[PDB]
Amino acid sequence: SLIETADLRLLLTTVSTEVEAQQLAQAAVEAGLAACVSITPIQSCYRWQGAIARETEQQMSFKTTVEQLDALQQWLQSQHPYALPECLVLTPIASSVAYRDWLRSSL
């Protein structure tokens, strides 16, 4: 059954290469910063240093808790300190009982 959730978080960030995204995903799950991470290839168009840049990137979605969110975000940045990556956080408003428990238990 669905249950209201206010403690789960989805952190959305991007990295340039598939290799980095795979490495970051595995390491974040190993460190207990995220329970699950998805990687999706994307094209991004954005304003950069005055110009319009178009680039192939990897969109990452980290499934975590509010308790781990700050630490996860800091940690990701430490992995590419030269970068200014996307960093957006969503709050799911429901989940299943079982999926929320799994996610919490994972961390």
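Quick note: we count residues from 1 along the sequence shown, nothing fancier.
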*Taking only the other compared entries that model residues on either side of residue 50, decide whether it is unmodelled in at least a third of them.*
yes
*22-30 versus 77-85: which one carries the higher mean Cα B factor per the record?*
77-85
*Look up the CA B-factors in the entry and say which stretch, 49-57 or 35-43, has the higher mean.*
49-57
*Residue with highest C-alpha B-factor in the PDB entry, from 11, 93, 98, 15*: 98
